[PDB]
Structure formats: structure tokens, C-alpha cells
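The chain below stands alone, shown as C-alpha cells; this is the form solved without nicotinamide-adenine-dinucleotide.
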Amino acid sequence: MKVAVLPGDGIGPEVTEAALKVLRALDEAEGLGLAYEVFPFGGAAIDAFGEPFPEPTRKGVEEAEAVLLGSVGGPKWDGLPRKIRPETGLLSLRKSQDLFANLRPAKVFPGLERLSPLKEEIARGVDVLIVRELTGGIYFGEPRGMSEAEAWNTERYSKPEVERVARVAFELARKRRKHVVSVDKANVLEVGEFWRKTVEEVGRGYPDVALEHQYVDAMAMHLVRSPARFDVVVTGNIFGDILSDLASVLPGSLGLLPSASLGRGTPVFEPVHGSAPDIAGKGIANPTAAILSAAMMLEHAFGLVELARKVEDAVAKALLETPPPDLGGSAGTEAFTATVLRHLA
């Protein structure tokens, strides 16, 4: 398994290393044939190449079977031209590989319901996966513009865009609880009814999967009062953006959330948190998100579902045994990773 590791900036390198210790342990114990290489990316790449996603890193991503990304960004490069901002390198990574689906998992690990903003009974059992369309929608819609008197943006979707992301959602559901909810605003918009209609056409190919439709505004309600009854949620770009952010508050902590972007090329896995520059180096950065993204990678890029579950259980135990400082604990990056490893042995 060839992995390209793009540590990034800030706490990026710390957390990425924590996850690597976990992977190397698993590799040694079972001989997974792991082969990884680290490449400069984001602010780090700017500082030595003039751009956030240089050719060596680009070719590295290509050759690899998966990308493990850390964090990117930091005030040091906030004054550069948009063209070479650290965030732009992230856009180029996705576009280069044609990553159209963004996987945003949200689950409350048994024992941690106390963290959630929701009352214990509601939180218990949450394990929802939100699949957001990345390349299309109002974010990239034409025509768009602004004048002195008015502004306009176009929410547009073609059939191929809806189909490709719908398939990913169905595939994922097959491996999970065979339940899919397609979110739209079909009762008011033409794009809504186009989405719904296309998703149902795709669903015909998955007789084993239970399909449900919902309106974005209604879905927002349901995710808060009954998130446990959902498995896979598929939706468009701006809608998926709001829903993913909303789902992320259910576990009760930012440092616990991983993510993935699947598309035509090399799949990318990265923690949802930013680079937290001021805490970088301090050794107190929670590596949970980065470790869980490694799990997501094993499962999704390498099909090692059985291993992903183990890493996931160990982390759960670690959070309960030696919780990091952001979780009201005193276990720094290293000591926390040690506890995970202890439960992995």
C-alpha cells in the first residue's frame, strides 16, 4: 500500500506523525506492505518551492494509492496572492485528481455521549455519513456577478454530476446499513426535482438499498432531533456544506472529526481541523482526527475494513482512558497515541 503523506503546516506534522506510528505498528504486526513518502504541501511547500502544490508533490500524489493529509494554512502566507495561497493548493489537489465526493462522518463513540450538545438518549448511536458533491453547484455556477445595484449566482447541476456522486453514496451505503437519504429542495426548485429524479434513476441499480428523499430545511431539523436513524446522506455542494457543519457538532468536539474526498483519482483523507499555529510544537495537539483519517484510508482506499474498525475501537478507548487536553484531559499527542497503541497490541 503506497501512501503519499502531505503533513502540511501547523499541528499538521504532529498529528500526521501520530497516525503514522499507528500505521507502522499495524504494518509490522501483520506485514501490510505499507510504503509511504512525505511531500511538501501548503505553507511548507511555498517556503521552498514558491507554490503550495509543486511538481514533486503532484507526481507523488499521482503514483500513490492514497493521500494522508495534515493541515494547511497559517498567517505567514495570508498575505500572498490568492493564486498561491495554501488553500489554493488544496483546491488544485482535488481538481488534479477529480475528487467529486466529500465524505464527512459524524458519530458519537459509546461512552462519549457526554460531550455531545444533545441529551444522552438522542446522541447515543449516532453514526451518520454525509456525502457532499464538491465540483458543482452555486459555488461554481455561471452566470454569476455583482453590480452596484444587484448580485446573482447560478445553482446549476448536470445529470453526470448528480449520477457520479449518487453512485458513491449507494456504494458506501451497501457496506454500511443500506440506507440512503437524498436531500434537496425539489418542492421549490428545478435543480431540486432534477436531483431527486436522477437519484431515483440511479437507485434502480441498488435494489438492496433503501432510498429516502428529504428537503434540506427538514433534514436540518431531523439531524438535531433524531440523528441516529440516518446512515448515508447524499446532497449537493452548498447543502452538503451546511449539513456537514451541522453534523460535526453532534460528537461534541472538532478534534475527533476525519474526512475523505473520493473521485476519479487518488483518494485524499484528512482531519477536518485547521492548522492551529499557536499550539503547534507544544505537543498538546489531539491526533484523533488524523488517526481516524488513517482508519478511513484503510477501509476506503485499501478495503481493510476489519483493521479500520480496530483502530476506531482503540481510539474510542484512548479517549475514555487518557483524554487529550481539549477533552478536559492532560494527555499530549505522544502519550495519547501510546494509549491507542496499547489497545492496538
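Residue numbers here begin at 1 and follow the sequence given.
In what follows, reference is made to the form deposited with nicotinamide-adenine-dinucleotide bound, a form of this protein that is not presented.
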### Query
Of these, 228, 210, 254, 246, which has a heavy atom no more than 4.5 Å from nicotinamide-adenine-dinucleotide in the bound PDB entry?
254
### Query
Can you pick the one in 198, 116, 275, 97 that has a heavy atom within 4.5 Å of nicotinamide-adenine-dinucleotide in the bound PDB entry?
275
### Listed range touching nicotinamide-adenine-dinucleotide, judged in the bound PDB entry by heavy atoms within 4.5 Å, from 28-36, 48-56, 310-318, 285-293
285-293
### Task
Report whether the minimum heavy atom distance between residue 136 and nicotinamide-adenine-dinucleotide in the bound PDB entry is within 4.5 Å.
no
### Query
According to a 4.5 angstroms non-hydrogen atom cut-off, is residue 326 in contact with nicotinamide-adenine-dinucleotide in the bound PDB entry?
yes
### Query
Are any of the heavy atoms in residue 78 no more than 4.5 Å from a heavy atom of nicotinamide-adenine-dinucleotide in the bound PDB entry?
yes
### Query
Taking 4.5 angstroms as the cut-off for heavy atoms, does residue 279 touch nicotinamide-adenine-dinucleotide in the bound PDB entry?
yes
### Contact check for 11, 72 and 87 against nicotinamide-adenine-dinucleotide in the bound PDB entry, heavy atom at 4.5 Å
yes
